[PDB]
Structures are given as structure tokens and as C-alpha cells.
């Protein structure tokens, strides 16, 4: 607590120094600093493997003069280094071109008095204490079944951070945060086929984490479930995106409605503002001020206030995700999305995962996807998949070495249901998602 308050003071002073140095030679300036400290450990077969002490610091500045911008950064926060960084950005801004959409965020939108979102829950975890948590997780996985023949280890991470932002409208605000996580990853084998999977727990406070024994049990369960997969034959079939990949399915929306994509006409949703792009029962709620939230933030990366919004309301796209620059390009105002989205929530429609299998009857459950394969400008979708084949509403066998393909516009519009099995460790939180049909490429 005292180490972090010592850092916070230093960081606030660095921001104020940088802004003062910029003020005589620029019309505007924005300064961001951060410091993250903590430990990362791993175990192999229950014995310490790696112990890494982390300490990262950063200062970035953007300056504006005659609507010309320039940026510079440094990990050295000494007064002389700050002076050089400010000068570097000012020098760049002499040579860039005037761009009227560039500039400090609008004063009326800034979080001058930012809310306390209770993100900071420090723990004094020693390296030896950390190793024991990682070892417990890994050992619980390894002891689960005799087909678990190798390991990628246990891991524990615990870090605290401080962030401060200021700009030339007089905003200067900062906040502290923590994040802790525990994982394990093991390898199982059957008839010369190896598979690997993992499990994890994550939270802002140590007392919000699952036990190491829970993590290990989950790891073993997932890994063993992968054994002896089949390569499906090429077909059209319904597809459930399991919760852990369904979040990413909605995640593709972020790029598609980002103001930067919109003003450049490089999104397949360009003509979809106010149109029904999802089912009429589906709402995507954004909750930036959730206490302790994994992606809660009291302001965005330009210092703009973050707001409770329904991005999708009853299937309808209500807004773009705008930053100061993209908002100005479109004749709009920032929506506080510089640096991304801040806790999305999509409610279930009443069915458990088991009930979703029964509703589908026969089809594919995807649990892991590989590759990029998503076109931002057309919505065309083609990704490698692993998961399970379902028939008679029951999982029959794992599958791998297949692809799934379609187009996001059709995929989103025709979602059948979203389950109550909500994934709660992510920014976007939702249950599993049933689509009526995709093209599965295989044998």
C-alpha cells in the first residue's frame, strides 16, 4: 500500500511535469503514465520452474500544434528523460500535417472527478507462497487420471498497477488496480495421440479466485475430454459456440462498429446503424463502472468519461464505438471507447448448456478456435475449430482438424438462443450460442 502510494505520487508529478513542459510550445497535450509490479511463477511436476519479478514503467505524450500531432514515449521518468520525450513529440509535430480531427478530448467529456471503482486489492504473496499455489494446481491436474502423461506446468501471477492520465484542459486523475491469476496445463495421451488443455482462475482480489484444486480438476477434465478426436466429413450443420468462444463471437462486433473502421468505410456494418443486426430479444449491455470489474475503467485512454450503454438493444445497433478522433471524423462526440470496451453483458434466455444440446439435437459444439480468418470489411468468417460432435442431444466424440465458415452478418442475425452458462472471467460475458447452420470443412 505504501509502495503504491509512493509510486502514485511520482507518477502524478511526472504527468504534471510533462504537461508544463509542453504547454508553452503546443496548443494541447495528453500524457499517460503507468507502472505495473508483481510476480509470475511457474512449476513443473510440482517443483518451482520459473520465478520472474516484474516491474514495468511507461510515459507517453501526444502534443498538438496547428492541428499537427506528434507522440513520444519513454520508460525513463527522470526529469531529463521527460524533457527529451516532450521535445521529441514537439519536434515531430513540426513536420506532420494539420488534421482538424486530431486534438485533446473535449473538455465537457473529461472525467475531471473520476469515480473510484475499487479495482485495487493488494496481497503480499511471496514467491514461495506463489509457487505453492501453482504447484497445488498442477499436481491436482496430474493426479486426476493415469492418461495424463506430461505437463506444461502450473502458473501463478499477481500484479498491482497505477495509471495516471492528464491533459491540457487540466484533467489529472489516476487509479490503482490489481489482478491475480492461477492456471495449469497438462497433456494426456491415448493410442499415440497427445492433447493439451488448460484451466484458470482470475480476479482482482485473491479471495475471488477458485481453489488450486478446482483449477487442476478443471484442467484434467478438459484435457481428457479432447482424447481420440475424429475429423468430421465436409457438411452443413448447426453449431454451438461454447461460452468460452461465444464471447469472441460477440467480440468481432467491436472492430465492426469501431469509429475508425466506420469513417474509413472499412466495416461490413457501415450501413447498419439503427438496423436489427441481432435477434430482437438480444441486448448487449456495457457496464464500465462495475465495482472490481475485470474491464471496469473510470475513464478511457483520452480521459473521457465511460458510460452505461446498451450497444445492442433488442437486436438493434444503437451506436458506434467512438474515440475523440473518429467521433470528429463523423460529426459526433466520443463515446468513451478509446482503448476498447468495458464489460459487456449478454443475458441468457433460460437454457442450460445441456438443454441447448438437446434443442440442437445433432450438430457441432466448438470449444476452441484457431487462426485469424475474419474479414473486417466483408464479415467473411473461416476459422479452424476443435470441439465435439453431438447427436441425440448427447456428446458423441471430440473433433478436430476441421474449419467452420460463414459470414458474421448472417451468423449474428440468426442466432437461435444464448445460454445461461455465462463465462464470467472475460470482458465480454455470455453463455453458449446456438447458430442454425455453418459450413464445416473436413474430410
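Numbering follows the first chain given and starts at 1.
Colleague: Averaging CA B factors per stretch from the PDB record, which one is higher: 163-171 or 348-356?
Modeller: Stretch with the greater average CA B-factor: 348-356.
Colleague: Report the stretch with the higher mean CA temperature factor, choosing between 174-182 and 255-263 on the basis of the entry.
Modeller: If you average the C-alpha B-factors of 174-182 and of 255-263, the larger mean comes out for 255-263.
Colleague: Taking the values straight from the PDB record, which of 29, 32, 51, 376 has the highest C-alpha temperature factor?
Modeller: The C-alpha B-factor peaks, among 29, 32, 51, 376, at 376.
Colleague: Using the entry's values, work out which of 217, 88, 239, 341 has the largest Cα B factor.
Modeller: When the deposited C-alpha B-factors of 217, 88, 239, 341 are compared, 88 is largest.
Colleague: Would you please rank residue 43 by its C-alpha temperature factor against the other modelled residues of its chain and give the third it falls in: lowest, middle or highest?
Modeller: Its C-alpha B-factor, which the entry lists for residue 43, ranks in the lowest third among residues of this chain.
Colleague: Going by the recorded CA B-factors, say which third of the chain residue 333 sits in, lowest, middle or highest.
Modeller: Highest third.
Colleague: Sorting the chain's modelled residues by C-alpha B-factor, tell me whether residue 203 ends up in the lowest, middle or highest third.
Modeller: It falls in the bottom third of the chain.
Colleague: Quick check on the deposited entry: does the C-alpha B-factor of residue 427 sit in the lowest, middle or highest third of its chain?
Modeller: According to the entry, residue 427 has a C-alpha B-factor in the chain's lowest third.
Colleague: By its CA B factor, does residue 396 count among the lowest, middle or highest third of the modelled residues in the chain?
Modeller: Highest third of the chain for residue 396's C-alpha B-factor.
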